[PDB]
């Protein structure tokens, strides 16, 4: 399930399918990105108002892909992949096969599902407790980190998974990549 959005990222950026060869829970992806540089991370605080979020979305290039976290700073996060789908002329959020929805209309304003990203009557900001959006570039290395983190977390444990991510720059060999 965490694997589903990672597979999707891989399809869009690496032109490839990932097969997680599990020969023996659900995951918070956040820690997979601890070794990602700050230059690949952007925090938005624009979710009080419809207008500001639409002009945040307008600053993104439409051939780039992100791991997109909704929720509160320091809190529970919901991770999904954000990408621009040329066919449907809009930004799409993809969590899994079952859970995905379009975010923007043909000309860059929020769809009805997308307005679900707003919380008008809450505090938005950098600080602990606030709402924000975290975009992590879905670069090859971040896709690799996410795949490896989840794989080691399931087959071993979370300490092992952060330790692995500290040192490893390639897909774990049991994570099969084919074009």
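Residue numbers count along the first chain shown, from 1.
- Stretches 142-150 and 126-134 differ in mean C-alpha B factor, with the higher average recorded for 126-134.
- Stretches 66-74 and 51-59 differ in mean CA B factor, with 51-59 having the higher one.
- When the C-alpha B-factors of 23, 157, 11, 168 are read from the PDB record, the largest value belongs to 23.
- Ranked against the other modelled residues of its chain, the C-alpha B-factor of residue 120 as given in the entry falls in the highest third.
- Ranked by Cα temperature factor within the chain, residue 32 sits in the lowest third according to the deposited record.
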